[PDB]
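Below are two forms of the same protein chain, given as structure tokens: structure 1, then structure 2.
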Structure 1
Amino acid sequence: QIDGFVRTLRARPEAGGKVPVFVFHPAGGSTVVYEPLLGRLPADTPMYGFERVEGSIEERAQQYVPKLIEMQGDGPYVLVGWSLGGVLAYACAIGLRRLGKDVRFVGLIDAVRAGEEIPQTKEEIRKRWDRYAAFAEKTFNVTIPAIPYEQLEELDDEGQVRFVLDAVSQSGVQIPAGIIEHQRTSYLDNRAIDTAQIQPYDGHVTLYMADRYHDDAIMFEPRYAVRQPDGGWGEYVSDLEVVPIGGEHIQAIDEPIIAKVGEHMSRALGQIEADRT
């Protein structure tokens, strides 16, 4: 079922069988988010999921790649991710092609960059914690105390979350460990994405593109309110296919919208099966 950070969603047969689909977890989720999609792919398509690991996007990809190669050798690799999962899947594609492997398909499920660039100032840090508090108040129906932003401004990201945690606690909200963990790791995944530089990629990428970011995303980061038609990826990917799916970011992995992703993706997998012969 789960081996290290690999989840089997559908095991491959001992020999032969279709090309496996590798899916990568989003922020604050496991790879069980990909079950609806699995149900929209051909019968007997294997699927394996990469769960969370620590580091820069690059350092995460560096841990996934040894395992991808252990499971699939030379290729063909099919790599899919929703949201952060999409960033991870693409990082892995970069790395696999550089090692001389065969990546046939990268499917970014609404992995869309913020419409504008995020400063790097002490003011932005203050504003981001403000937005996080408003999100946490709405999401958990609690009161978050005002933070003294001096002596937090100067810390790194982990130092910043540690301090906000001590502040929430000292105000008298005891947070379940599971929730502390989840929100810390999600926040740090967001920071990993933001500080990563996207690398050019001369393979085929498919971007499944929703209409907009959902409310909580826009509340957390207002720049998600604006989208480039190419999701920010046209800069880096010469062979980019953009498939419109409608709806919001958060509905992209739910029915009915995942039927569009699944239909399109099935034909891609069909072509790949036709050629392995």
Structure 2
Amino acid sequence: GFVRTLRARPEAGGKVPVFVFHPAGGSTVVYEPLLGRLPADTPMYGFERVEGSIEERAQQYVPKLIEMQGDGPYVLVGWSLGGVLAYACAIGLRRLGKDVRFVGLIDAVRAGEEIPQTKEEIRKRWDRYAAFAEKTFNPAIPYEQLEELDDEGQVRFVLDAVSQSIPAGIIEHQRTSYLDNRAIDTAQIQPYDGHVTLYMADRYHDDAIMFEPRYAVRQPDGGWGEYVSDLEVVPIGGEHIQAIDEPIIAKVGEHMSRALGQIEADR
């Protein structure tokens, strides 16, 4: 289905599982370095890609989480897009009366300024892509047809226009890559009352920034303090893309190991 078993829990008993959520344009196999930095026999389950907006995706994850974990306790972790998803499932699980005891965001850092959900920003965004496209591959943007479509329809319209004038594999990967990245842009973040740990790097890469220049700035709280009162930030340095790999993940994992040991003590 959409759940990957990174390390199975025992048939009965054992430690609380860690649930990790896939990143944008990728799979939960990227949490394997983190797993090696966690306590021995920590179970870990990865939730992979499903369709919908952020809240509609959590409408599919939450019932599976409760099948696998019941009342709790819940430990939800995600890098890149995964962080938003883990947080979204923290809010869904809290409303159902579930015990969430750790939400771990690995550099799930919001744009320094809010991204407007407007028609003018649609036009600004498609002009930005258009200019890059003539550069890296050597016309009139039909704005009225694009402003009336969602992200999925926008992308289909633009691929169909190329066909009307590319191998299937390249297309499928960039379609999910782009859509997951827009899912981060468009996320409508809801307040959460539990404890959130945010592992914060220094900066997004110059590729991400060129796609949306408002990622050139990060607030100290990563954009989350308005929505979380019990917010902890762990500075890890480096770039967004290296927060998930060795050796920086060793710093993430040492911190998370202490949080999991405390959760195991209170059981």
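Whichever C-alpha set is largest while still superposing within 1.5 Å between the two forms counts as the rigid core. Throughout, residue numbering runs from 1 along the sequence of structure 1.
- Lining up the core between structure 1 and structure 2 shows that one residue from 198, 114, 94, 125 moves its Cα 2 Å or more, and that residue is 125.
- A two-part rigid-body description fits the chain between structure 1 and structure 2; in it the smaller part is rotated by 28 degrees against the larger.
- Shown is the Cα shift of residue 16 between structure 1 and structure 2 after rigid core superposition, which amounts to 0.8 Å.
- On a core-based overlay, residue 160 has a Cα shift of 2.1 Å between structure 1 and structure 2.
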